[PDB]
Amino acid sequence: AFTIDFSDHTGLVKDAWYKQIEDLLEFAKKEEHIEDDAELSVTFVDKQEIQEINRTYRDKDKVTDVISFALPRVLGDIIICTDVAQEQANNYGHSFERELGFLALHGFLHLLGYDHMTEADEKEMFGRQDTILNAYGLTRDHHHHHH
Ligand SMILES: [Zn+2]
């Protein structure tokens, strides 16, 4: 099994988008060969709230697109900023909800223990990200964040 506890503090997220994001992350969990039951939470917030969360939890007084908090396997929490995701979606040329899904996938891989702070880690983690997105059908280069 795989359950996402979703929350949307903005009222912007459509019900169809929750399903699209959950289906992508469930596919990723299977591609990662995680057989156990897993659970996680995804919360959508506006730019004022993401800055406050970034300030108090990361000592970064600034807006950002996604924050992941790593801890049935309980994987932790992903927080996504709708304001930033909408602008990044415009810059990459896919929809708001596609960008929400990409940021959720990125956070999910972080919760599994991947990181990209070194070149070797980045190659491993973006290699998995690209492979999952391609296997799901998201093969256009900018759906990978050109990455
Ligand atoms: Zn990251």
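FYI, residue positions are counted from 1 along the chain as it appears here.
Using N, Cα and C of the backbone, Cβ positions are placed for all residues, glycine too.
As recorded in Swiss-Prot, the features of this protein are as follows:
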type	residues	note
BINDING	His106, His110, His116	Zn(2+) binding site
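Pulled from the PDB entry:
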type	residues	note
SEQADV	142-147	expression tag
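Between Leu71 and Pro72, the deposited structure omits 14 residues, and the straight-line distance between their CA atoms comes to 13 Å. Of all Cβ atoms in the shown protein chains, 21 besides its own fall within 10 Å of the Cβ of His106 (Zn(2+) binding site).
The expression tag (142-147): residue composition by secondary structure is 3 helix, 0 strand, 3 coil, according to DSSP. Neighbour density for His110 (Zn(2+) binding site): within 10 A of its CB lie 20 other CB atoms from the protein chains shown.
Within 8 Å of the Cβ centroid of the Zn(2+) site, not counting the listed residues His106, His110, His116, the chain contributes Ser68, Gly107, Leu109, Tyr114, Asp115, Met125, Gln129. When other Cβ atoms within 10 Å of the Cβ of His116 (Zn(2+) binding site) are tallied across all protein chains shown, the result is 17.
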